[PDB]
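>>> Need coordinates for the following:
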Amino acid sequence: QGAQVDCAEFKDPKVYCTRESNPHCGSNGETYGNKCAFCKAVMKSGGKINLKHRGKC
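Numbers count the residues shown, from 1 in each chain. See the structure here:
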């Protein structure tokens with residue numbers, strides 16, 4: 001595979017949260033707005049809640 005899009009990995013930070021970071025379908029049933037917001041949610045959930053589609057699902 002050679003790695004995937006991991007969340008915590010860009011928490012240096014130097015990446016602005018909650019405005020501009022591209023839309024994406026998260027594996028549950030929702031088109032998440034920013035990557036930070038998706039990441040913040042990923043932390044809670046359960047276990048492995050990766051993205052798949054860009055934009056709408």
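>>> Number of residues surrounding residue 32?
Residue 32 is flanked by 20 other residues according to other CB atoms under 10 Å. Quick note: C-beta positions are derived from backbone N, CA and C, even for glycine.
>>> correction: residue 10
13.
>>> Can you show me the helices along the protein?
Assigned by DSSP state H, the helices in the chain fall at 35-42.
>>> Neighbours of residue 33, how many?
15.
>>> What's the separation between it and residue 55?
11 Å (CB to CB, to the nearest Å).
>>> Find the residues that touch each one of those two.
residue 23 (CB atoms under 8 Å, 6 or more residues apart in numbering).
>>> I'd say residue 38 and residue 26 touch.
Yes. Counting by CB atoms under 8 Å, residue 26 is a contact partner of residue 38 at 5.7 Å.
>>> what sits in contact with each of the two?
Counting by CB under 8 Å, 6+ apart, the residues touching both residue 38 and residue 26 are 32, 51.
>>> List the buried residues of stretch 12-23.
residue 21 (16 or more other CB atoms under 10 Å).
>>> That one: end-to-end distance?
Start-to-end span of stretch 12-23 (CA to CA, to the nearest Å) is 22 Å.
>>> And that stretch, how far out from the chain middle?
Remark: stretch 12-23 is offset 10 Å from the chain centroid, using CA atoms, centre = their mean, to the nearest Å.
>>> How about residues contacting it?
So stretch 12-23 is contacted by 31, 32, 33, 34, 35, 36, 37, 54, 55, 56 (CB under 8 Å, 6+ apart).
>>> Widest-spaced pair of those?
For the contacts of stretch 12-23, the maximum inter-member distance is 19.7 Å, found between 36 and 56 (CB to CB).
>>> between these two, who's got more neighbours?
Neighbour comparison, residue 36 and residue 56: the larger count goes to residue 36, with 19 against 8 (by other CB under 10 Å).
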